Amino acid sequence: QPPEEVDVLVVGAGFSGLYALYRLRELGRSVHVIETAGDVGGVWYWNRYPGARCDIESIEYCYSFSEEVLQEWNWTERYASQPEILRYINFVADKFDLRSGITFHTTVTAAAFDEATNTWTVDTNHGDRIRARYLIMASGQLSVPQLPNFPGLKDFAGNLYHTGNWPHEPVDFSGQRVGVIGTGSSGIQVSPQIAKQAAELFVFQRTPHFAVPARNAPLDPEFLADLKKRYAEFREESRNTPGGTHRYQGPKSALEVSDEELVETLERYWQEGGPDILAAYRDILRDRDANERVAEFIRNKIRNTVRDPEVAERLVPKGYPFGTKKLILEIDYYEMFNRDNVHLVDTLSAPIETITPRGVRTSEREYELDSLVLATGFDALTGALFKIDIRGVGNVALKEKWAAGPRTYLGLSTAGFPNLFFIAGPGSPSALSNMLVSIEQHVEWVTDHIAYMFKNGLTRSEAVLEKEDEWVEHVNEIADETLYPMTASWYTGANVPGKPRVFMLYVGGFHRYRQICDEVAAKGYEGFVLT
């Protein structure tokens, strides 16, 4: 139940928030968190759908700031399930007594910067008004569920769910005719789970996403114990990579190798599982012909997965470069379509016309359903800020500054909004990275800066408008040497009608981005106006 005056206010208590809280306390600053949720966790509190699971190996997707935590915590599986990750987060929160720094059940609704006093005034739906010198937005990247765009949702007679705001008490689909709309990551995890309770499962595909097998496995406790001996060293290796994990960076071009070496090299990634295929050859993101060679191996893998070819070809991702939507790890998802209580409804060929109260009508036919699950993604990267009335200098709304796309210096800050910091968001590596790496560096960097403002008795930090401008053109130029901008993904805002179609992330790799952030801090925060 919030203070009235705080050195730094933080929004959200997922990985970013909790680290921010801890580190700002270690730095002898007053600090408080405001969080919509009932408890700590962010995505891992929200997304309790059955099947929810990490894409990055447990040993990678975790904090490194605390040596004790590395030592004590025991991961059990190659990819943590959501409850295990939530346990981890609750564990870390207990260990550093973080909850006394967090007001739960409370959404921030506006914030306005008082040029008179170099300070932010932050409002909430409960009615609290807090005044802070610095505002840290740790409100995540995928934290505002997107409904799909059509009519008669309100009308549906059965039960309705978004994966991203799933109920707390487990949901029973036993006996039910169930429909899932969305075959993203969330769709692909949640479906094989639902398929096991329900009498009939209908899967509403628009564009096929690319997925490879996770080959999850138990985590050998010998190996864990071993790794613990050199944990910090291992983490440090992950921090000096483009992607923030131990993925091997293929030195070769997917064009230079023969077909035989191609198939044989990719068959090895396929047996092993996980995302490392993305970096099998250096030019898979940089050259349509390179990418198409990998992409085709994948599609055949998918064809040979499903007994019936008609069904199989509808599962085959067509239209766009492999790796340019999030690459998805599947567990028994394609196998699922062999079960005869599962049906793939292709909405490319037969659009969804409306939801009726009895279910879902396409142009071809209607589908009667007792339950319907939306796995339809999130208003991404900007979604969550946009729900807060954030006003900068001159009373400029950020919602408007950014209306043609996010405009940031390093992603960390935007000009015209002193003392405002975005954690792991547009302008930065963000979700193109093991996010615990992207997130730890940002918190470190932001909180170093705040510590350093206080050390030097300064009170106003602002990004310089031309540097912001130079940063944006830079983010776009590098995006444009890759294949990313070419496709409609949440990365480009394309999953939301009317959202400006810009590739929003920094594609240079984490290591490079940190280097830049470091040279910047080294020079007294070049590109900021400090007063």
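From 1 onward, residues are counted along the sequence shown.
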Mean B factor on CA atoms, stretches 166 to 174 and 238 to 246, record says higher is 166 to 174
Tell me which stretch has the larger mean Cα B-factor in this entry, 185 to 193 or 356 to 364. 356 to 364
Would you mind finding, among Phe378, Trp445, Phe421, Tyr452, the residue with the largest C-alpha temperature factor in the entry? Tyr452
Checking the record values for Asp287, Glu440, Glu233, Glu400, which has the greatest CA B factor? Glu400
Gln146: C-alpha B-factor third of its chain, per the entry, is the middle
Third assignment of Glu77 from its chain's C-alpha B-factors: lowest
Lowest, middle or highest third of the chain for the C-alpha temperature factor of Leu266? middle
Can you tell me whether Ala312 has a C-alpha B-factor in the lowest, middle or highest third compared with the other modelled residues of the same chain? highest
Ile130 by Cα B-factor - lowest, middle or highest third of the modelled chain: highest
